[PDB]
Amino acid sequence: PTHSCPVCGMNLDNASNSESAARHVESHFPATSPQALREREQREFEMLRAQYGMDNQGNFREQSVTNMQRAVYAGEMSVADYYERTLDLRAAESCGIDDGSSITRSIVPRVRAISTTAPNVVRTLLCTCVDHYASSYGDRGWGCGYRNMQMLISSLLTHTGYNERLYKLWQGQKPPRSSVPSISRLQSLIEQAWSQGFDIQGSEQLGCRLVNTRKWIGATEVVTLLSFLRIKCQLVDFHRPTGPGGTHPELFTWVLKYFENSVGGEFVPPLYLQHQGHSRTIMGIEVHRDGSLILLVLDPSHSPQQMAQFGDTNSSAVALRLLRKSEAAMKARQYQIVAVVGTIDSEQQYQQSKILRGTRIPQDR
C-alpha cells in the first residue's frame, strides 16, 4: 500500500481519484493518528460554542478587568491608568453608557480631507458623520457587531428625528442626548426586544440570552434593536458573488446608489456590514479616476492609535489604505448590509416589523 489512511488504516490506493482519497482522510478531523465519534462531536460542539460565545461564558466587565490587569502585569498599563479606566468604566456602565475610551471622533471631515486630495480620487461620497468605536479590553474577539451598532447610533443621534426615537432606550433616565449605549446596555435592549416578540426565530437561535455574555451577533440583531426603537431598517442580503473571481460588483453598485443621496446635504447614516465571523461599518465610497469604486470601511478591529493617524501631522495619503476596500478585497461568499431608511410610524407597522424581512440580491425569491 503506497498510501493508506493514517487514522483508520484504509487502503487508499483504490480510491476513485486523489480528491476523494484526501476527502476521506480529512473526514477524520481533527484526528491525524490512529485513535468514540461522539467524543469528536463534543469537542467540535464546544469549539463552535466558544467561537460564537453561545456558552454564555464570561462578560464585558469581567473580560475588561482581566485584560486590563494582564496589561498592568505586562507593563503596558500603569496602575494609575488601571484605576482611572476602571472608575470611568464603572461610572459609565452605571448609566448604561459607553465609557468613550475606545472612540475616535470626527471621522468624516478627517477622511474627506485626505480622500479629496488623493491623486486618483474623483469623488468622495460619505455618510454625514460617524465616530469610530474600537473593540477594547472587554470586548476584543467578540464585540464587533455591538461596536458597529455604536458607530451607527453615534451618527443617528445627530439627527433630531432619529435622536427622538433612540432616546427612548434610556427608559426614564436623562443622560446627555448624545449618549451612546454601552455594549451591556445594547445586549439588554435586544433581550427586551426579543421578550416583546421581536424576531422570535433569532432569539431562539441565540438561546434567548445576551446580557452578561460575550455572544456574537449579526445584522438581524441590528434590525431587531432599531425596529424595537421604532426606526425603520432594510436588510439587504448579498448572498452570492455577482462578478468575476468571486467579487461583489452588485454590492458596490448598491452602496454607490445609497451614498449618492448624500450630496444633497440631507442626513445619510453609515451602513452596517456583516460577513461570516466579522462585522464592519461602511462610512462611504470613493470613485477613482478610472471609474472604479472603492469602499471606505470602518472596522472595530482597528485600534484608536490606527484611527488617530487620519488626524495626524503626517500619516494621511497611504494611511487611508486601512479603510479602502476594492472589489478585489471583498471576496467573502456572502455579505449582509443593514441600512436605516426612516421611522416606524404606526403600531400596525411596529407589530409587523417583529417578523424580520430581508431583500436578496440577486433576486432569487
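Residue numbers here begin at 1 and follow the sequence given.
According to the entry, the stretch of the deposited sequence that connects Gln51 to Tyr52 contains no residue lacking coordinates, so the chain runs unbroken between them. When the C-alpha B-factors of 88-96 and 204-212 are averaged, 88-96 comes out higher. The stretch with the higher mean CA B factor, choosing between 147-155 and 116-124, is 116-124. When the C-alpha B factors of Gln42, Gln306, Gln334, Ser326 are read from the deposited coordinates, the top value falls at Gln42. In the PDB entry, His288 places in the lowest third of its chain by CA B-factor. Annotation for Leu169: CA B-factor lies in the middle third of the chain's modelled residues. Ranked by Cα temperature factor within the chain, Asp139 sits in the middle third according to the deposited record. The entry lists a Cα temperature factor for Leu356 that places it in the middle third of the chain's modelled residues. Per the deposited record, the Cα B-factor of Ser262 falls in the highest third when ranked against the other modelled residues of its chain.
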